[PDB]
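Let's start with one chain on its own, the form deposited in one PDB entry, as structure tokens.
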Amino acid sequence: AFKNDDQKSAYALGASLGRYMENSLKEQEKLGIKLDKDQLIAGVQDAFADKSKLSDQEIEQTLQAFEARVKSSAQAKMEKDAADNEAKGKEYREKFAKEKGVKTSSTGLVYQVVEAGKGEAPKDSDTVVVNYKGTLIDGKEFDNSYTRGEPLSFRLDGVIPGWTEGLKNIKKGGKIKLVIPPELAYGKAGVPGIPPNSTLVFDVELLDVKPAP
């Protein structure tokens, strides 16, 4: 429905801008910001027609303020999600602790030894080799050793405490399920890939234990 290039290009140009906006909004939505969509289009129209209800200076100071509002809204979201994640997490940890063979350490680690292991147990300065699979309590995975095409080996005092504590509950050749509260893991802050305050679930197999070189 374009009769010429002038029309097609113009439309393509608009379309690409319309998609640009649509995608920016979705980005904003994930930070807890929902912009009035009709106003957004009304701004485009008004300005294009030289009838913006905001002055160029206003537009510019408002966008600057919006930037601040985004950083700030993200912060608030982070904290909201942090509260929800620990609420869910606490409930999950509490159900799991009621299952067979499950123990809760004074630190709050919930663990289940599945195979005792016959070697010895690692200590803080030891390098461990492990197979593992980790997920969030909704069951979605963030790490799989397995799929990575290989197991991992690392010194034990480097990793998060929930883990270092957990792997000390078994010996070489052992298997253990760890349910780690956020404070033994990535905290309320969290890290890229792990949401704020999340409880982590790991199946771990300890393949080997080596002393610090």
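Each residue number is its position in the shown sequence, starting from 1.
The form deposited in another entry exists for this protein as well; it is not shown, and the discussion that follows is about that form.
Peer 1: Would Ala65 and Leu152 land in the same rigid part if the chain is treated as two blocks moving between this form and the one not shown?
Peer 2: Two-body split between this form and the one not shown; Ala65 and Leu152 on opposite sides.
Peer 1: Please check whether, in the other entry, the CA atoms of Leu184 and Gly32 lie closer or farther apart than here, given a change of 3 Å or more.
Peer 2: Pair moves farther apart in the other entry.
Peer 1: Knowing the Cα distance between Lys26 and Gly190 changes 3 Å or more in the other entry, does it shrink or grow relative to here?
Peer 2: Distance between the C-alphas of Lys26 and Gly190: shorter in the other entry, by 3 Å or more.
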